[PDB]
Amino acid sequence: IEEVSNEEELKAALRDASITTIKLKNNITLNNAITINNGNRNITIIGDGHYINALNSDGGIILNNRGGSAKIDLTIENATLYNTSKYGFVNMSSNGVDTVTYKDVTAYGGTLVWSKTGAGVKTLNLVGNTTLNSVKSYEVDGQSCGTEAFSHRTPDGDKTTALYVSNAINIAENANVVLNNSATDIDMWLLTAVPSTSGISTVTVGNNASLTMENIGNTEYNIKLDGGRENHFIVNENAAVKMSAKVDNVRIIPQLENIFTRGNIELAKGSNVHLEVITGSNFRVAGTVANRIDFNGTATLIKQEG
């Protein structure tokens, strides 16, 4: 119930508080970031195989509600998404709840999705056959674009990441999600900061889903969990997980000395998890974290000699 063919039409549709469904009729190039800050929104972009290329370092789509109780649910289906911004194609910057869903999406960027870590619950759902590419540059219709990557301090120096989503990344049941990283230090970085409403950081892989992040040539940590109160990696029944990284596959180490948190990793019956690192630990947990790892399926954890 709304068709768009260029930047101005897309901007108009997204900034229109009554608009819920948007269909791309053409590939769209964005020279400017588009801000959504007009309250409760339920938005679906139907890509129909088209791309959106966010060229502005300012961002692509910026969620920026000022009110704590406003909720934005943004879904993008069947599209290719490009961005150069270190703040992602989508920048989840509302004070309240932002939820982003990619379904059958292919994406290219340095940092592909970014969020505020000291506010409302930030969720990225990854659905169907979705492939995310963290790259140093990309080319579309003959134009090459360099990317920037979001960087943030850690006790082991500054690290960059492909996904900086504060609270949850969920791989939907039956999904086939692939993340290719040749650009950043971390594939998924979920962090909460003191003023977070929840302090929970969670990655889930749904029933019969697959998650593949074979980035041992590039990535230091596949998943870094920095929730102030809880950190979860949940692999459900019959899910297939394959990950590789230079240092750790999952890292739960507090960013600071005054953080007393929890970690829970659950690998369900029927799941098949294959993990490989070079110099660290497949599941690396250290510091004041109360941690529990439940192995109820089949898992293989490998460390190369180094």
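The first residue of the shown sequence is 1; numbering continues from there.
(message) Highest mean C-alpha temperature factor of the two stretches 146-154 and 223-231, which is it?
(response) Higher mean C-alpha B-factor in the PDB entry: 146-154.
(request) Return whichever of 68-76 and 193-201 has the greater mean Cα B factor according to the PDB record. (result) According to the PDB entry, the answer is 68-76.
(request) Choose from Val250, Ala239, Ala33, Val247 the residue with the greatest Cα B-factor as stated in the PDB record. (result) That would be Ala33.
(message) In terms of recorded Cα temperature factor, pick the maximum from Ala209, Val140, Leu112, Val121.
(response) Top of the list by C-alpha B-factor: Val140.
(request) Sorting the chain's modelled residues by C-alpha B-factor, tell me whether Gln255 ends up in the lowest, middle or highest third. (result) It belongs to the middle third of the chain when residues are ordered by C-alpha B-factor.
(message) Using the temperature factors of the C-alpha atoms in this entry, rank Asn272 within its chain: lowest, middle or highest third.
(response) It falls in the bottom third of the chain.
(request) Determine, from the deposited record, the chain-internal third of the Cα B-factor for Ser166: lowest, middle or highest. (result) For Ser166, whose C-alpha B-factor we compare with every modelled residue in the chain, the answer is the lowest third.
(request) Quick one: classify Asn291 as lowest, middle or highest third of the chain based on its Cα B-factor. (result) Lowest third, going by the recorded CA B-factors of the chain.
(message) Please say which third, lowest, middle or highest, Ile186 falls into when its CA temperature factor is compared across its chain.
(response) Middle third by C-alpha B-factor.
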